[PDB]
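Here is the structure we will look at.
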Amino acid sequence: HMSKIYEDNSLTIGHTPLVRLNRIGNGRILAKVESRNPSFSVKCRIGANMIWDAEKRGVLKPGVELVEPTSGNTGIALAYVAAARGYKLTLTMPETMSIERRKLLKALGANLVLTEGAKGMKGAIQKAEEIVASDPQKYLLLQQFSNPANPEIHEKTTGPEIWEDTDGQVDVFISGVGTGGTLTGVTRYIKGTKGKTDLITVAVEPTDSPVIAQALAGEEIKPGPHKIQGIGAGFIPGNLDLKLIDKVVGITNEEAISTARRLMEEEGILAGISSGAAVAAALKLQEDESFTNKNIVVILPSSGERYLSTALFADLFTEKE
Amino acid sequence: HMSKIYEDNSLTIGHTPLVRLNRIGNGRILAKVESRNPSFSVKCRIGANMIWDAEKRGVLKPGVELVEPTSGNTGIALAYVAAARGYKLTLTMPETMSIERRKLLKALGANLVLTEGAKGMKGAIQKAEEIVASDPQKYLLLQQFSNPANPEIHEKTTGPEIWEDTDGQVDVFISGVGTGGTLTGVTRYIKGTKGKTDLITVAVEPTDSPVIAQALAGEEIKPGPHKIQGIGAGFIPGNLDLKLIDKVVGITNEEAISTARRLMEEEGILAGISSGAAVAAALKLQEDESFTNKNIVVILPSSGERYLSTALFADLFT
Ligand SMILES: Cc1ccc(C[C@@]2(C(=O)O)C[C@H]2c2ccccc2)cc1
Ligand SMILES: Cc1ccc(C[C@@]2(C(=O)O)C[C@H]2c2ccccc2)cc1
Ligand SMILES: *Cc1c(COP(=O)(O)O)cnc(C)c1O
Ligand SMILES: *Cc1c(COP(=O)(O)O)cnc(C)c1O
Ligand SMILES: [Co+2]
């Protein structure tokens, strides 16, 4: 894309590189590095577009302050966009969110409201609702799991970049599902706008919280705890369009961690746990002869630098090592 | 640039965004965000090009391994490129190096050799030389402070990006100097290749180690300790072409840290200490009427996320 001066850092989102994996898999895995973003994750796109959309809809205007419950990369994305565009932001999250993330969020100007650790994200969602209810004219909740501006940005940026960078040669699209925006939006551009209805869209989820598989089977939703940060919220988000999914691959915590470590050591791509999960799903599909000659695009949501205090960098090296 | 599939992560360097600063300075500071790079710093460009250059020179034949003494972003850059392109890499550094940083380099496949803490960077340089001397056919030292492939990549990528993104309108170019490659290579492109000899090139350094100022004034070189990671090595590097510098601005530790905090809180640009230093220098220039109407391009070398254990994030809470 074209040379310019960006008017603020929110406008720099996307155009992330698509990199061939040469040592992991058969040479047809193409990794889309979504840590090449202004706050270093796929969420940069949705922090930008949910705020731009709120501006366009007339609900974010001078005097209105943003609120969102998030203990993750969405909080970081909303923080840098609010700072870049001159909005006040309040984030709610359980008091168990890491010091690294609190430091980042405060440095970017966010106002943090810490909720009881025992109540997890449910307690943070309740606190965000309470804050907005205290002054609904003042506060705007963005609602990342249902706000259509989330999948919209992937329809307008992420998907077009995959189509253009592969010159239409993509055959398989793999996305670990958190909010579902990435899966939904990219698939709507490729299957819908470009008419490629035989794209294979693969949802990735934790083996220990396989709610997408349960929903497609018409079974009871029964989530569980797991370590693949950023995916597997334990329900079907509003922003996940189940009708667009062709296959669901469940990944273990250990598979996700080990494959993220391989991205770093074998490909030089700093990668988070969910990036390992998505590439591990590509490797499982390449066990099946139907996939042997397909070009597989995989989203890598985050950089392993954000994971130094997590399982990803634990049980890896001995004191002596 | 042209839509494509990159054949490895080293080929994804550059095309970093130039962002107008709206609250910091007069609206004419244009910040080039060099953390938008495959290992998140300006050094990703030189990790790639020093290795590409070694390949082109025929000195990276099968069995040859890389060695470099580095405590910083160059070690992370060389590690991701060596992992991407299938080389073995040894980095030397003092044992002071944090366990978390050893884990990150380790995860990228680097072999670490930890040297005696009291001997600092000098001890790490000594150990790298000793490793190469133990088997010179096997080991290749990249020598980031003198290897011309460092400023070359900035002449071939960073410089052109600044020229294109500003439509040639860049009046002032500000770089905090570590190796000098950024300053040297960008200035060679803009003053030389593009012929814009009216460009004002500004070197930034710590007030507590003002060796560039000393060199340009013809004063004795007298370095000192400071906090501005990535700049101010306390000598004039081979890759710093002093002839290209118009002005040197010295920045305090506190000015660097406070201005980096403003980049984060006021602009939403995650920024390291040296990014704060370089922008602090732009602010000083904008106090001088001669600079008021000028477009000022400033390099932001790194992201504040790499500084979470440092004073950059101190006193954010009670
Ligand atoms: C540590 C961490 C990282 C990323 C996330 C992603 C999400 C966010 O708010 O940033 C979207 C939400 C999420 C929460 C739980 C499971 C999956 C996604 C959450 C927590
Ligand atoms: C902590 C840290 C960060 C960046 C650097 C930059 C350099 C590196 O090897 O990565 C170039 C070298 C350097 C060393 C001392 C002063 C300035 C630059 C060094 C140390
Ligand atoms: C958000 C996120 C995902 C999932 O992306 P969605 O578009 O929300 O499905 C995966 N990994 C990480 C690290 C994320 O932050
Ligand atoms: C390398 C580096 C610089 C200085 O860039 P040079 O091109 O080496 O002069 C500044 N800040 C940081 C953090 C760096 O890593
Ligand atoms: Co481009």
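If you read the sequences in order, they're chains AAA and BBB.
By the count of the entry's author numbering, the first sequence reaches residue 319 at its end, each step adding exactly one.
By the count of the entry's author numbering, the second sequence reaches residue 316 at its end, each step adding exactly one.
Beta carbons: idealized from backbone N, C-alpha and C, even for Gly.
Closer than 8 Å to chain BBB by CB, residue i
{"i": "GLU265/AAA", "result": "yes"}
{"i": "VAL17/AAA", "result": "yes"}
{"i": "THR10/AAA", "result": "yes"}
{"i": "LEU268/AAA", "result": "yes"}
{"i": "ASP286/AAA", "result": "no"}
{"i": "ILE3/AAA", "result": "yes"}
{"i": "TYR137/AAA", "result": "no"}
{"i": "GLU98/AAA", "result": "yes"}
{"i": "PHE289/AAA", "result": "no"}
{"i": "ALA126/AAA", "result": "no"}
{"i": "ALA82/AAA", "result": "yes"}
Residue i, enclosing alpha helix (DSSP H) - first and last residue
{"i": "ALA213/BBB", "result": "209 to 215"}
{"i": "residue 324/BBB", "result": "One cannot answer for residue 324/BBB here, as it falls past the ends of chain BBB, which runs -1 to 316."}
{"i": "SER272/AAA", "result": "271 to 283"}
{"i": "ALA131/BBB", "result": "118 to 132"}
{"i": "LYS54/BBB", "result": "41 to 55"}
Cβ of residue i within 8 Å of any chain AAA Cβ
{"i": "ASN24/BBB", "result": "no"}
{"i": "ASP51/BBB", "result": "no"}
{"i": "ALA276/BBB", "result": "no"}
{"i": "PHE143/BBB", "result": "no"}
{"i": "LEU140/BBB", "result": "no"}
{"i": "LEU58/BBB", "result": "no"}
{"i": "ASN20/BBB", "result": "yes"}
{"i": "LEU89/BBB", "result": "no"}
{"i": "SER37/BBB", "result": "yes"}
{"i": "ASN251/BBB", "result": "no"}
{"i": "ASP6/BBB", "result": "yes"}
{"i": "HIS224/BBB", "result": "no"}
{"i": "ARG43/BBB", "result": "no"}
{"i": "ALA213/BBB", "result": "no"}
{"i": "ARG34/BBB", "result": "yes"}
{"i": "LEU283/BBB", "result": "no"}
Distance cut-off 7 Å: residue i Cβ against heavy atoms of ligand 1
{"i": "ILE151/AAA", "result": "no"}
Any non-hydrogen atom of ligand 3 closer than 7 Å to residue i Cβ
{"i": "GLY179/AAA", "result": "yes"}
{"i": "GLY174/AAA", "result": "yes"}
{"i": "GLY270/AAA", "result": "yes"}
{"i": "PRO299/AAA", "result": "yes"}
{"i": "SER307/AAA", "result": "no"}
{"i": "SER33/BBB", "result": "no"}
heavy atom of ligand 4 below 7 Å from residue i C-beta
{"i": "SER132/BBB", "result": "no"}
{"i": "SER273/AAA", "result": "no"}
{"i": "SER39/BBB", "result": "yes"}
Span of the beta strand (DSSP E) around residue i
{"i": "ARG18/BBB", "result": "16 to 18"}
{"i": "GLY236/AAA", "result": "Taken as a continuous stretch (DSSP letters only), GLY236/AAA belongs to no beta strand (DSSP E), as it is neither H nor E."}
{"i": "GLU66/BBB", "result": "63 to 67"}
{"i": "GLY248/BBB", "result": "245 to 249"}
{"i": "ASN148/BBB", "result": "Per DSSP, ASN148/BBB belongs to no beta strand (DSSP E); it is in the alpha helix (DSSP H), 147 to 151."}
{"i": "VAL170/AAA", "result": "170 to 174"}
heavy atom of ligand 5 below 7 Å from residue i C-beta
{"i": "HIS(-1)/AAA", "result": "yes"}
{"i": "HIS224/BBB", "result": "no"}
Is it true that the stretch 130 to 144 of chain BBB meets the stretch 159 to 173 of chain BBB, where meeting means three or more beta-carbon pairs spaced less than 8 Å apart?
-> no
State whether the stretch 20 to 28 of chain AAA contacts the stretch 106 to 121 of chain AAA, with contact taken as three or more CB pairs (one from each stretch) at a distance under 8 Å.
-> no
Which residues count as close to ligand 6 when the rule is a CB under 7 Å from any of its heavy atoms, in chain order?
-> By its list of ligands, the structure shown excludes ligand 6, since it contains just ligand 1, ligand 2, ligand 3, ligand 4 and ligand 5.
Segment contact, 8 Å Cβ cut-off, at least three pairs: the stretch 173 to 188 of chain AAA with the stretch 144 to 155 of chain AAA = yes
Does the stretch 229 to 243 of chain AAA come within contact of the stretch 259 to 267 of chain AAA, defined as at least 3 CB pairs closer than 8 Å?
-> no
Contacting positions in the stretch 101 to 114 of chain BBB - beta carbon closer than 8 Å to chain AAA | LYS101, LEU102, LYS104, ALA105, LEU106 and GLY107
Using a Cβ cut-off of 9 Å, which residues of the stretch 298 to 309 of chain AAA contact any Cβ in chain BBB, in chain order?
-> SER301, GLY302, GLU303, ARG304, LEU306 and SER307
Take every Cβ of the stretch 184 to 204 of chain BBB, pair it with every Cβ of the stretch 237 to 256 of chain BBB, and state whether three or more of those distances are shorter than 8 Å.
-> yes
If contact means a Cβ-Cβ distance below 8 Å, which residues of the stretch 152 to 171 of chain AAA contact chain BBB?
-> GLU159, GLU162, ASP163, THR164 and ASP165
Between the stretch 66 to 80 of chain BBB and chain AAA, which residues of the former have a C-beta closer than 8 Å to a C-beta of the latter?
-> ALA77, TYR78, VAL79 and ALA80
Do the stretch 21 to 41 of chain BBB and the stretch 49 to 63 of chain BBB touch if we need at least three Cβ pairs shorter than 8 Å?
-> no
Residues from the stretch 231 to 262 of chain BBB in contact with chain AAA, defined by Cβ distance under 7 Å | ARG259 and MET262
Can we say the stretch 67 to 85 of chain BBB touches the stretch 203 to 223 of chain BBB, given the rule of at least three CB pairs closer than 8 Å?
-> no
How about the stretch 135 to 150 of chain AAA and the stretch 40 to 50 of chain AAA: do they share at least three Cβ pairs that are nearer than 8 Å?
-> yes
Would you check if the stretch 6 to 16 of chain BBB and the stretch 266 to 278 of chain BBB touch, i.e. whether three or more CB-CB distances between them fall below 8 Å?
-> no
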